[PDB]
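Here's the structure, in structure tokens; my notes come after.
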Amino acid sequence: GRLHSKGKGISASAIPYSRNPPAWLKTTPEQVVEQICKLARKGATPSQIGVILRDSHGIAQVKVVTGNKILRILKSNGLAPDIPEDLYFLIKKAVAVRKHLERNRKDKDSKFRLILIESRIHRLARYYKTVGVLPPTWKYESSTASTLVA
Amino acid sequence: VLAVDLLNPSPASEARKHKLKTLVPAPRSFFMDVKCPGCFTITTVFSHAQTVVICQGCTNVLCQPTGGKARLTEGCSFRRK
Amino acid sequence: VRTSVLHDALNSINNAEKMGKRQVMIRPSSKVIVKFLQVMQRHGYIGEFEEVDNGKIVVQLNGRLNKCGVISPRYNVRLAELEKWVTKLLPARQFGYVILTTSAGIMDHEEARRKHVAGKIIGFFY
RNA sequence: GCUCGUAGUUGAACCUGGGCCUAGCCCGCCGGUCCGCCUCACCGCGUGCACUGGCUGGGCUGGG
RNA sequence: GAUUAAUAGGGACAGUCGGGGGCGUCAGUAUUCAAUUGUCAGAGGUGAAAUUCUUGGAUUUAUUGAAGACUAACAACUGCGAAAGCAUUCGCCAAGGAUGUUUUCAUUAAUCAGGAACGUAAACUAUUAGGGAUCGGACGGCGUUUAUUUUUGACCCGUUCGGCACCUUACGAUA
Ligand SMILES: [Zn+2]
């Protein structure tokens with residue numbers, strides 16, 4: 001239940017029924033795919049892609065219009081991030097916290113949150129390793145996290 | 001209470017239930033069409049937009065984001081589908 | 001977390017039969033739950049159920065049953081063992097039924113003795 | 001004292017092509033009776049909302 | 001060649017929310033110390049006293065200055081943080097919660113052996129089933145006040161998630 005901190009929180013995004021039409025929200029799937037490809041080329045994460053689509057174009061879900069999800073489409077056209085988005089954001093967050101610790105050390109709450117983030121990264125990292133995404137042996141410390149940054 | 005038709009709740013009790021707690025869950029958000037009176041352009045905006053949606057050019061606006069529904073701007077029209 | 005969604009469903013059925021309600025909202029559905037309620041409906045302990053989709057199950061119950069239960073390790077059982085397992089699980093041999101996941105499907109112990117097939121004990125009601 | 005964490009432990013749902021027989025009807029084809037056609041004749045053709053039987057011809061549906 | 005998109009996850013964005021944390025800064029009194037005056041006989045404590053300070057003037061009256069501490073009243077059957085804990089304003093720095101979304105990889109997850117980070121006291125003791133309050137979103141609106149009229153906010157009401165706590169009932173229990 002929201003992992004680390006206590007608190008349930010039922011903040012969830014709903015998905016409607018009939019995974020096919022939203023008809024009056026026109027535009028062919030091919031056009032949507034090409035827009036997604038353009039966004040990927042400009043350098044945006046799948047989640048950011050989805051948000052952009054939500055903002056401007058007549059879309060509901062890519063999985064509805066097109067046969068595939070965004071990440072799956074990116075993988076088919078070989079335009080996917082090095083470290084699968086969420087993992088990349090977590091490592092960026094960990095780097096930021098380490099840099100804050102380096103600037104000022106006594107902040108024990110920041111050190112605790114750093115530890116939490118590292119644990120969450122390890123939790124993600126193990127399961128990514130299992131699903132043959134990331135190459136075996138993946139360190140997530142200041143020796144490699146700093147090199148990764150972006 | 002004690003017996004009720006659970007496969008056929010009333011639409012009025014269904015409508016006051018939270019999103020994820022309706023019989024099959026579904027959204028309660030909608031899409032709008034928006035024009036701004038000097039332009040014949042029809043941008044289609046999501047109800048709970050997080051983007052400061054801009055029309056096809058003309059550095060204007062169409063809505064601002066909030067904690068809930070996007071506040072559509074000023075004088076604008078909206079049909080809702 | 002109880003991964004036994006059958007046990008969550010059967011806990012909800014026992015809570016309704018204690019509280020005297022006339023229907024439930026079994027929120028995580030399955031197929032083993034549907035077969036379980038199919039046997040309970042054959043033996044008349046549950047009126048009528050429907051699987052609606054988002055899915056969940058709405059189970060009209062008659063107010064006739066006493067207890068539902070799952071056997072959590074799911075032990076294997078032959079017929080000569082099945083007689084002793086029935087008379088050790090049920091309060092009486094003529095009251096209630098033991099549910100079996102056999103090679104012929106999911107059925108009660110009387111249908112298992114009819115169709116001459118053994119299997120794992122999955123649950124029971126009475 | 002609380003949180004993270006490893007060996008360990010429990011680990012969501014979703015997942016039975018071809019041929020043969022059979023009954024009912026239709027559409028079409030074919031043999032005969034009647035009637036008509038044409039052929040000098042022999043003969044053949046049309047001919048089942050005129051009659052009768054056949055078709056392992058075609059189509060739909062049910063059952064094995 | 002790629003399922004439901006989970007009423008379990010992690011992330012992104014937006015408006016936010018908080019007496020959560022660090023660094024600086026800004027104040028506020030009060031206490032002590034010192035100075036300048038007006039002093040002019042006690043002052044201080046205690047149940048009574050005494051030690052002590054007191055014509056070089058104590059305590060007191062007024063005005064400044066310095067130092068260290070803390071943040072009254074607001075202050076709650078509340079808020080935030082995992083815990084100890086956290087109350088002056090403003091700035092900076094990251095982080096976190098919930099909500100909403102027309103956001104993504106699709107088992108990543110649950111639990112803790114080993115280990116790792118933060119740290120004078122005690123003394124009377126799957127639902128319950130809703131309702132009344134409460135605060136944080138999001139939505140809706142007959143209206144009062146902003147409002148010279150639109151924003152927007154305050155008040156009232158309803159819906160919806162989420163969370164500290166009350167009472168009733170146990171759905172029971174059981175040591
Ligand atoms: Zn325009």
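Residue names in the structure tokens use chain letters A, B, ... in the order shown, residue numbers from 1 in each chain, and ligand numbers from 1 in the order shown.
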Practice prompt. Compute the set of chain A residues within 12 Å of chain D, using only C-alpha atoms (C1' of nucleotides), and express it as a list in words.
Written response: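 Filtering chain A at 12 Å from chain D with only C-alpha atoms (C1' of nucleotides) gives residues 3, 4, 5, 6, 109, 111, 112, 113, 114, 115, 116, 117, 118, 119, 120, 121, 122 and 123 of chain A.
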Practice prompt. Within 9 Å of residue 49 in chain A, counting only C-alpha atoms (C1' of nucleotides), which residues show up once you throw out same-chain ones fewer than 4 positions away? Write them as a list in words, please.
Written response: residues 36, 39, 40, 44, 45, 53, 54 and 70 of chain A; 103 and 104 of chain E
Please produce an output containing C-alpha atoms (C1' of nucleotides) for each residue in the selection, written as a PDB file, in the first residue's frame.
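File written: selection29.pdb
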```
ATOM      1  CA  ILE A  36       4.868   9.236 -31.217  1.00  0.00           C
ATOM      2  CA  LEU A  39       8.266  12.783 -30.065  1.00  0.00           C
ATOM      3  CA  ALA A  40      10.703   9.923 -29.333  1.00  0.00           C
ATOM      4  CA  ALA A  44      10.818  12.281 -24.595  1.00  0.00           C
ATOM      5  CA  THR A  45       9.912   9.415 -22.261  1.00  0.00           C
ATOM      6  CA  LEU A  53      -1.024  13.170 -26.639  1.00  0.00           C
ATOM      7  CA  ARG A  54      -3.502  13.850 -23.792  1.00  0.00           C
ATOM      8  CA  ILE A  70       3.854   3.230 -26.485  1.00  0.00           C
TER       9      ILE A  70
ATOM     10  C1'   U E 103       0.220   9.264 -18.521  1.00  0.00           C
ATOM     11  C1'   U E 104       3.673   5.284 -19.515  1.00  0.00           C
TER      12        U E 104
END
```
Item to complete: Just the residues within 9 Å of range 24-26 of chain E, please, counting only C-alpha atoms (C1' of nucleotides), with nothing from its chain fewer than 5 positions along; format it as a PyMOL selection string.
Response: chain E and resi 88-92
Write the residues of the preceding selection, restricted to N, CA, C and O atoms (P, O5', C5', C4', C3', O3' and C1' of nucleotides), as a PDB file, in the first residue's frame.
```pdb
ATOM      1  P     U E  88       8.478  29.266  14.769  1.00  0.00           P
ATOM      2  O5'   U E  88       7.933  30.702  14.362  1.00  0.00           O
ATOM      3  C5'   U E  88       6.857  31.306  15.058  1.00  0.00           C
ATOM      4  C4'   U E  88       6.803  32.776  14.752  1.00  0.00           C
ATOM      5  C3'   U E  88       7.117  33.124  13.308  1.00  0.00           C
ATOM      6  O3'   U E  88       6.005  32.992  12.444  1.00  0.00           O
ATOM      7  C1'   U E  88       8.459  34.442  14.718  1.00  0.00           C
ATOM      8  P     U E  89       6.178  32.251  11.032  1.00  0.00           P
ATOM      9  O5'   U E  89       6.531  33.430  10.034  1.00  0.00           O
ATOM     10  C5'   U E  89       5.677  34.555   9.929  1.00  0.00           C
ATOM     11  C4'   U E  89       6.372  35.715   9.270  1.00  0.00           C
ATOM     12  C3'   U E  89       6.936  35.448   7.886  1.00  0.00           C
ATOM     13  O3'   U E  89       5.955  35.554   6.874  1.00  0.00           O
ATOM     14  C1'   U E  89       8.558  36.548   9.206  1.00  0.00           C
ATOM     15  P     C E  90       6.016  34.616   5.573  1.00  0.00           P
ATOM     16  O5'   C E  90       7.334  35.078   4.817  1.00  0.00           O
ATOM     17  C5'   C E  90       7.373  36.303   4.103  1.00  0.00           C
ATOM     18  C4'   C E  90       8.772  36.629   3.653  1.00  0.00           C
ATOM     19  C3'   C E  90       9.421  35.621   2.721  1.00  0.00           C
ATOM     20  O3'   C E  90       9.014  35.761   1.373  1.00  0.00           O
ATOM     21  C1'   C E  90      10.944  36.211   4.426  1.00  0.00           C
ATOM     22  P     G E  91       9.028  34.492   0.389  1.00  0.00           P
ATOM     23  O5'   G E  91      10.573  34.241   0.085  1.00  0.00           O
ATOM     24  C5'   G E  91      11.327  35.185  -0.659  1.00  0.00           C
ATOM     25  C4'   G E  91      12.800  34.862  -0.655  1.00  0.00           C
ATOM     26  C3'   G E  91      13.191  33.484  -1.151  1.00  0.00           C
ATOM     27  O3'   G E  91      13.184  33.383  -2.563  1.00  0.00           O
ATOM     28  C1'   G E  91      14.395  33.990   0.816  1.00  0.00           C
ATOM     29  P     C E  92      12.690  32.028  -3.269  1.00  0.00           P
ATOM     30  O5'   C E  92      13.965  31.081  -3.205  1.00  0.00           O
ATOM     31  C5'   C E  92      15.209  31.512  -3.733  1.00  0.00           C
ATOM     32  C4'   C E  92      16.341  30.648  -3.247  1.00  0.00           C
ATOM     33  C3'   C E  92      16.153  29.156  -3.421  1.00  0.00           C
ATOM     34  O3'   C E  92      16.422  28.712  -4.737  1.00  0.00           O
ATOM     35  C1'   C E  92      16.985  29.602  -1.256  1.00  0.00           C
TER      36        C E  92
END
```
Practice prompt. For residue 26 in chain A, list every protein, DNA or RNA residue within 12 Å, evaluated using only C-alpha atoms (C1' of nucleotides), and leave out those in the same chain fewer than 5 positions away; present the list as number ranges by chain.
Written response: A: 21, 31-32, 57-60, 65; B: 44, 81
Keeping C-alpha atoms for every residue in the selection just given, could you write it to a file as a short mmCIF file (atom, residue, chain, number, x, y, z; two decimals), in the first residue's frame?
```
data_model
loop_
_atom_site.label_atom_id
_atom_site.label_comp_id
_atom_site.auth_asym_id
_atom_site.auth_seq_id
_atom_site.Cartn_x
_atom_site.Cartn_y
_atom_site.Cartn_z
CA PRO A 21 -13.70 3.00 -30.99
CA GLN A 31 -0.65 9.23 -37.94
CA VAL A 32 -0.62 8.72 -34.15
CA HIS A 57 -4.33 15.18 -30.12
CA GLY A 58 -7.49 13.20 -30.42
CA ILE A 59 -6.31 10.12 -28.49
CA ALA A 60 -7.55 7.95 -25.59
CA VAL A 65 -6.12 2.92 -31.37
CA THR B 44 -10.22 19.33 -28.72
CA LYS B 81 -17.91 14.82 -26.84
#
```
Worksheet item: Could you name the residues that touch residue 22 in chain D at 12 Å or less, counting only C-alpha atoms (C1' of nucleotides), but leaving out those on the same chain fewer than 6 positions away, as an MDAnalysis selection string?
Response: chainID D and resid 62:64
Writing out the chosen residues with C-alpha atoms (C1' of nucleotides) as a PDB file, in the first residue's frame:
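Done, and the output landed in out-v5.pdb:
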```
ATOM      1  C1'   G D  62     -30.687 -29.134 -36.552  1.00  0.00           C
ATOM      2  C1'   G D  63     -28.337 -34.096 -34.589  1.00  0.00           C
ATOM      3  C1'   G D  64     -24.238 -37.798 -34.457  1.00  0.00           C
TER       4        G D  64
END
```
Worksheet item: Taking only C-alpha atoms (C1' of nucleotides) and all ligand atoms into account, which residues are within 7 Å of ligand 1, as a ChimeraX atom specification?
Response: /B:35-36,39-41,55-58
Worksheet item: With only C-alpha atoms as the basis for distance, which of B:2, B:12, B:70, B:20 is at the shortest distance from chain C?
Response: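 Of all the options, B:2 lies closest to chain C.
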Restrict the distance test to only C-alpha atoms (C1' of nucleotides), flag each residue of chain A within 6 Å of chain E, and return the flagged residues as a PDB file with C-alpha atoms, in the first residue's frame.
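Final output, saved to iface_20.pdb:
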```
ATOM      1  CA  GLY A   9      -4.160   6.803  -1.000  1.00  0.00           C
ATOM      2  CA  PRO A  46       6.835   7.193 -23.078  1.00  0.00           C
ATOM      3  CA  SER A  47       4.942   8.758 -20.120  1.00  0.00           C
ATOM      4  CA  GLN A  48       5.781  12.282 -21.402  1.00  0.00           C
ATOM      5  CA  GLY A  50       1.300   9.987 -23.418  1.00  0.00           C
ATOM      6  CA  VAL A  51       0.896  13.324 -21.565  1.00  0.00           C
ATOM      7  CA  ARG A  54      -3.502  13.850 -23.792  1.00  0.00           C
ATOM      8  CA  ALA A  60      -7.547   7.949 -25.591  1.00  0.00           C
ATOM      9  CA  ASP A  86      11.017   4.846 -14.094  1.00  0.00           C
ATOM     10  CA  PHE A 112      17.060   8.289   5.360  1.00  0.00           C
ATOM     11  CA  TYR A 127      12.824  -7.477 -11.247  1.00  0.00           C
TER      12      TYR A 127
END
```
Distance limit 7 Å, atoms considered: only C-alpha atoms. Which chain B residues sit that close to chain C? Return them as a PDB file with N, CA and C atoms, in the first residue's frame.
```
ATOM      1  N   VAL B   1     -31.120  -3.766   2.039  1.00  0.00           N
ATOM      2  CA  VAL B   1     -30.257  -4.463   3.063  1.00  0.00           C
ATOM      3  C   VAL B   1     -30.888  -5.814   3.357  1.00  0.00           C
ATOM      4  N   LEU B   2     -30.064  -6.863   3.575  1.00  0.00           N
ATOM      5  CA  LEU B   2     -30.424  -8.273   3.561  1.00  0.00           C
ATOM      6  C   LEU B   2     -30.608  -8.850   2.168  1.00  0.00           C
ATOM      7  N   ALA B   3     -31.459  -8.285   1.299  1.00  0.00           N
ATOM      8  CA  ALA B   3     -31.389  -8.666  -0.088  1.00  0.00           C
ATOM      9  C   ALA B   3     -31.509  -7.424  -0.939  1.00  0.00           C
ATOM     10  N   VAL B   4     -30.743  -7.402  -2.041  1.00  0.00           N
ATOM     11  CA  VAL B   4     -30.759  -6.337  -3.012  1.00  0.00           C
ATOM     12  C   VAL B   4     -30.232  -6.956  -4.293  1.00  0.00           C
ATOM     13  N   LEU B   6     -27.592  -6.832  -6.736  1.00  0.00           N
ATOM     14  CA  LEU B   6     -26.247  -6.310  -6.861  1.00  0.00           C
ATOM     15  C   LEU B   6     -25.737  -6.234  -8.291  1.00  0.00           C
ATOM     16  N   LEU B   7     -26.431  -6.857  -9.270  1.00  0.00           N
ATOM     17  CA  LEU B   7     -26.026  -6.767 -10.665  1.00  0.00           C
ATOM     18  C   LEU B   7     -26.703  -5.581 -11.318  1.00  0.00           C
ATOM     19  N   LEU B  23     -19.779  -0.564 -10.562  1.00  0.00           N
ATOM     20  CA  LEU B  23     -19.841  -1.999 -10.784  1.00  0.00           C
ATOM     21  C   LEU B  23     -18.746  -2.585 -11.690  1.00  0.00           C
ATOM     22  N   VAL B  24     -18.549  -1.988 -12.881  1.00  0.00           N
ATOM     23  CA  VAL B  24     -17.336  -2.098 -13.673  1.00  0.00           C
ATOM     24  C   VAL B  24     -16.748  -0.691 -13.585  1.00  0.00           C
ATOM     25  N   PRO B  25     -15.494  -0.438 -13.185  1.00  0.00           N
ATOM     26  CA  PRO B  25     -14.957   0.915 -13.071  1.00  0.00           C
ATOM     27  C   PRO B  25     -14.800   1.609 -14.403  1.00  0.00           C
TER      28      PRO B  25
END
```
With 10 Å as the cut-off and only C-alpha atoms (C1' of nucleotides) counted, what is the closest atom pair between each nearby residue of chain C and chain D? Distances in Å to one decimal, ordered by chain and number, as JSON lines.
```
{"residue": "C:1", "atom": "CA", "partner": "D:10", "partner_atom": "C1'", "distance": 9.0}
{"residue": "C:2", "atom": "CA", "partner": "D:10", "partner_atom": "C1'", "distance": 8.5}
{"residue": "C:3", "atom": "CA", "partner": "D:12", "partner_atom": "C1'", "distance": 6.8}
{"residue": "C:4", "atom": "CA", "partner": "D:12", "partner_atom": "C1'", "distance": 9.1}
{"residue": "C:5", "atom": "CA", "partner": "D:12", "partner_atom": "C1'", "distance": 8.4}
{"residue": "C:28", "atom": "CA", "partner": "D:13", "partner_atom": "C1'", "distance": 8.8}
{"residue": "C:29", "atom": "CA", "partner": "D:13", "partner_atom": "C1'", "distance": 7.9}
{"residue": "C:30", "atom": "CA", "partner": "D:13", "partner_atom": "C1'", "distance": 6.2}
{"residue": "C:31", "atom": "CA", "partner": "D:13", "partner_atom": "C1'", "distance": 8.4}
```
